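Inspection log for the structure reproduced underneath, given as structure tokens.
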Amino acid sequence: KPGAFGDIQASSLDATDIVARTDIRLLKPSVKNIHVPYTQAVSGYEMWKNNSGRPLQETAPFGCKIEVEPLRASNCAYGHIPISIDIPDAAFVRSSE
Amino acid sequence: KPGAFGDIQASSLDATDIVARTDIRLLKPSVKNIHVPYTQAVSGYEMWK
Amino acid sequence: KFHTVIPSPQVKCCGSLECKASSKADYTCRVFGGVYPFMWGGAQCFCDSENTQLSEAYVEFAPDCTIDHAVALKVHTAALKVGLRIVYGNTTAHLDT
Amino acid sequence: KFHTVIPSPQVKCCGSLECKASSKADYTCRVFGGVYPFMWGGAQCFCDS
Amino acid sequence: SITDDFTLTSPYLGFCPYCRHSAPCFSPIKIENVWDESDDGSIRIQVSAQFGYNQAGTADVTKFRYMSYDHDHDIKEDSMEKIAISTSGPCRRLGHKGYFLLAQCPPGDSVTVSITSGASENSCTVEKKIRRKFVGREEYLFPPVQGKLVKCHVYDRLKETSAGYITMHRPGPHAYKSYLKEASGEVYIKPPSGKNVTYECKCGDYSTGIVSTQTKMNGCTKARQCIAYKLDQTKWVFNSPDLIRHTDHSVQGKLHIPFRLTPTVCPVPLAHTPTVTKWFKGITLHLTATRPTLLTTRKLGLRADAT
Amino acid sequence: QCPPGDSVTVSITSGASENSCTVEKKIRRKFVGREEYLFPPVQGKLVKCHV
Amino acid sequence: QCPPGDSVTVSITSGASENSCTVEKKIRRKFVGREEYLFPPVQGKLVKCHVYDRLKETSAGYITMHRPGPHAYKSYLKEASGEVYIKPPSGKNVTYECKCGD
Amino acid sequence: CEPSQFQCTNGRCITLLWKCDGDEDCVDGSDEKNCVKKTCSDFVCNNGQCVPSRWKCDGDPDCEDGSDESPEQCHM
Ligand SMILES: *[C@@H]1O[C@H](CO)[C@@H](O)[C@H](O)[C@H]1NC(C)=O
Ligand SMILES: *[C@@H]1O[C@H](CO)[C@@H](O)[C@H](O)[C@H]1NC(C)=O
Ligand SMILES: *[C@@H]1O[C@H](CO)[C@@H](O)[C@H](O)[C@H]1NC(C)=O
Ligand SMILES: *[C@@H]1O[C@H](CO)[C@@H](O)[C@H](O)[C@H]1NC(C)=O
Ligand SMILES: [Ca+2]
Ligand SMILES: [Ca+2]
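Residue numbers (the entry's author numbering), protein chains in the order written: chain A, 196 to 292; chain B, 196 to 244; chain C, 50 to 146; chain D, 50 to 98; chain E, 1 to 307; chain F, 104 to 154; chain G, 104 to 205; chain H, 33 to 72, 75 to 110.
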């Protein structure tokens, strides 16, 4: 959708299969010089950057530190973990000692 | 109090008994060059003005 | 952000220059029939009135999108991993589970 | 307004440089033990850390 | 599949809307694009003139080549010190290479490149919103001596790096008017001193040819009715919208876009530590700040009231 | 032809005189028609204006 | 005498130095009285205001001047294959301090 | 340590701005190791070594090749 986030899309940055639906209109030239008069919608990436709000690094509940590239939320607590431990028998001592 | 009017006080302008509680924090120098990293509250005279 | 590159326009004077489709992102191609283009050097070719100009406009990635780019992701159910410091007796165990 | 003058820093290398109290207006003194200053001319003293 | 020989590559004349005389003209220097996505404020400007290369194409630093205004057109050669860059005040120049330059600029509303104190004396200005951008969560006019040293991306001042490529095509006809002469009721064409020209001409019928002297053509009167342009111009020219495309628009070459946006480490200010005071169910932060500084609070529970 | 500003100065650079004169005049960026522009475009509508 | 701006720069231009120094300082346009003006009028009320005296003979305080400390140039040292040497420039005397072993 | 830091052989992590900055910050000089060739206000020895300009014709051998006291460059 032109003027919104996702004007231009591709599977990767080096991909040759790139799609875009900006509102390009080619106007009729009316000057002496050779000229390509075109009008276009504003980039929706820039518009989303202007109106991004706040990231999840400042909004995520329970104090979840959001970290990026192996994307995860670190060091936050919202519940309880059942842990079953198999203590080795060498750790225990008899009641006599 | 720091930041408010009356940060620095003296009996006269030429007096040597000058008392102030401007909130100075001296940070640790973490750069190559010789430096005194300091941070401070604003002048209460300017804030009052 | 996109580059919206405008190719060098093609003129055919006393001729017709209809254009085929292309796989470029947002390929806008339009044909104009009454052009008399100029450069530094005067008129561009011979034919007075019945001319044609091929205005072309497609969209490519900006040069600085290697860094300044956004990745859109669909996430799903999220697995959780805990590092545990558990001590028992005089023995200390660090383990990621 | 206060002037908040910072004096020239004193460095002592392979030594300790604790500081005494002063009667100056809002005298803040702090000791740093891991420095290695650099003027125009390279390192300013011999002791490594 | 990218070459940087630049012998096979030439500058060109461009059309930018605001010349030195405040009207759109043709100029040897013409800004096609301005890239301003560097955290240190350095911008990259694409100009129709080539920088760092002499007339022959050999890489000669502090010397730039450009198309001339004369109708027997050639590629003239001039000093780099005459190139001035300004947004609102003068811009410090940091790098130059063919078609591209990197300069540090103050904030402003338009970017212009000029050839000052020369025989050309031309300027070209484009509308580009340059704003004083900053790194981190605290504004600063200049980076501090000591700060946090966070990651930020800046344009590399070395011209060896690349940030993509521009496609380069063979140039089309130019059709100079001075290669025509309309005397009495007949039309003549006069090529320059030695150079061959190609005419295509529709006095009554479309007839084309290659000549090197003053020749009659049919019996048509007006000089409007046909042209003459020099051939053997196999120097690759950028696909700017101010040039007529050749019959073959295959990409003849690719050339690097220099000054790659690389990640470095740059310092950002550390603000004054707020003097917090505490009551039964809350805290007041005093928050002394000179420049604007971002304060972000959130609760560590289910409902994170992020402010 | 001048950029927008809040004063107008005429000066004699160098020479024996070497004097300047500045007056207060609110010079604002004017635009013809009903859409804002810093510079006139290459191709527009070509409307009437007085210069 | 300076126009309003965000920073102050002192520079040496067109010389062997060719060096500038800029410090962030918010210079406002200061006006006296109850009207704002870019320039003082030819005629007004002629009220009292405090200006910097142009003559350098006047004084508005004092700065303290101390003896300079060591500066420790690294060009006084030469690093050989396995040892070091200390050489002064011309015939001047240099104080060296080394605590590599003692 | 961090990707924004350079680790030397002494286990001390310095900032990346201190890498190839012309001054030795690590005890083994690993921050000045490799890097690129530095243009040399300074005298250039025949093997590529750079020495201060006051070291030229000082009467003492400073280059590895001894180019500072050579009669071809230093004229009596
Ligand atoms: C950017 O966002 C602000 C809101 O803080 C808005 O006022 C402004 O118009 C936006 N700018 C653009 C260019 O959209
Ligand atoms: C742990 O050490 C303490 C003293 O070091 C000792 O008294 C105790 O018996 C030890 N416990 C075990 C389980 O070995
Ligand atoms: C082009 O000019 C050259 C001059 O070197 C001449 O020899 C040649 O015949 C010309 N070409 C044609 C097709 O006439
Ligand atoms: C200082 O230098 C002079 C001149 O080279 C020399 O005679 C003298 O011994 C040196 N030392 C002192 C302590 O003056
Ligand atoms: Ca270093
Ligand atoms: Ca020597």
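Cβ atoms here follow ideal geometry from the backbone N, Cα and C, with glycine treated the same way.
The stretch 52–61 of chain C and the stretch 97–114 of chain C touch, with no fewer than 3 CB-CB distances between them shorter than 8 Å. Distance from the CA of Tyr-240 (chain B) to the CA of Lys-128 (chain E), rounded to the nearest whole angstrom, comes to 42 Å. When distances are taken from the beta-carbon of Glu-64 (chain H) to the heavy atoms of ligand 5, the shortest one is below 7 Å. In the same chain as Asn-122 (chain E), and ignoring 5 residues on each side of it, the C-beta atoms closer than 6 Å to its own belong to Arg-20, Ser-27, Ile-115, in chain order. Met-242 (chain A) and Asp-117 (chain C) have their C-alpha atoms some 14 Å from each other. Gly-138 (chain C) has its CB nearer than 7 Å to a heavy atom of ligand 2.
Within the same chain, and ignoring the five residues on either side of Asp-145 (chain C) in sequence, the residues whose Cβ sits closer than 6 Å to its Cβ are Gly-132.
Below the 8 Å Cβ cutoff, chain D contributes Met-88, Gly-90, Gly-91, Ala-92, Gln-93, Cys-94 as neighbours of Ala-175 (chain G), in chain order.
One residue list follows from the rule of a beta carbon closer than 6 Å to any heavy atom of ligand 6, given in chain order as H:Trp-89, H:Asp-92, H:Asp-94, H:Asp-96, H:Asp-102. Residue side-chain check: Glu-186 (chain G) keeps its Cβ at 7 Å or more from all non-hydrogen atoms of ligand 5. Identification of chain A residues near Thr-296 (chain E) by a Cβ-Cβ cut-off of 8 Å yields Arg-249, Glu-253, ordered along the chain. Secondary structure of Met-88 (chain D) (DSSP, three-state): strand.
For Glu-241 (chain A), the enclosing alpha helix (DSSP H) stretches over residues 239–245. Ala-205 (chain B) is bridged by DSSP to B:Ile-213. The beta-carbon of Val-150 (chain F) is placed no less than 8 Å from the nearest beta-carbon of chain E.
One finds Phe-51 in chain C with Cβ atoms closer than 7 Å to the Cβ of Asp-202 (chain A), taken in chain order. Per DSSP, reduced to three states, the secondary structure at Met-80 (chain E) is helical. Using a cutoff of 7 Å, the CB of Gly-194 (chain G) counts as near ligand 4, since one of the ligand's heavy atoms is closer than that. Taking all protein chains in view, the Cβ of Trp-279 (chain E) is surrounded by fewer than 16 other Cβ atoms within 10 Å, so the residue is classified as exposed.
For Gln-104 (chain E), the enclosing beta strand (DSSP E) covers residues 100–104.
Note that the C-beta distance between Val-265 (chain E) and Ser-36 (chain H) is below 8 Å. At a cut-off of 8 Å between beta carbons, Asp-96 (chain H) contacts chain G. Ranking E:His-272, E:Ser-42, E:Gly-57 by CA distance to the CA of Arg-93 (chain E) puts E:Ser-42 first. The nearest non-hydrogen atom of ligand 5 is 7 Å or more from the C-beta of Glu-98 (chain H).
Contacts between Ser-178 (chain G) and chain H, judged by CB atoms closer than 8 Å, involve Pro-86, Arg-88 in chain order. Proximity of chain E to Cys-63 (chain C) at the Cβ level (cut-off 9 Å) is accounted for by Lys-202, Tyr-206, in chain order. Contact annotation: in the stretch 130–146 of chain G, residues whose CB is within less than 9 Å of a CB in chain F are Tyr-140, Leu-141, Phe-142.
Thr-264, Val-265: these are the residues of the stretch 259–272 of chain E whose beta carbon lies less than 8 Å from some beta carbon of chain H, given in chain order. In this structure, the CA atom of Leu-287 (chain E) is about 22 Å from the CA atom of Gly-258 (chain A). Of the candidates B:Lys-223, B:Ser-225, B:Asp-218, the residue whose Cα lies closest to the Cα of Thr-275 (chain E) is B:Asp-218. Taking 8 Å as the upper bound on Cβ-Cβ separation, chain E lies near residues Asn-228, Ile-229, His-230, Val-231 of the stretch 225–245 of chain A. Looking from the CA of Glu-98 (chain H), the closest CA among H:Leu-49, H:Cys-58, H:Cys-84 belongs to H:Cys-84. With 16 or more other Cβ atoms from the protein chains shown falling within 10 Å of its own Cβ, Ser-238 (chain A) counts as buried. According to DSSP, residue pairing for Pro-143 (chain F) in a beta bridge does not occur.
The C-alpha of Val-145 (chain E) is placed about 10 Å away from the C-alpha of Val-231 (chain B). For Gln-225 (chain E), the neighbours in chain C by C-beta distance under 8 Å run, in chain order, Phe-95, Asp-97.
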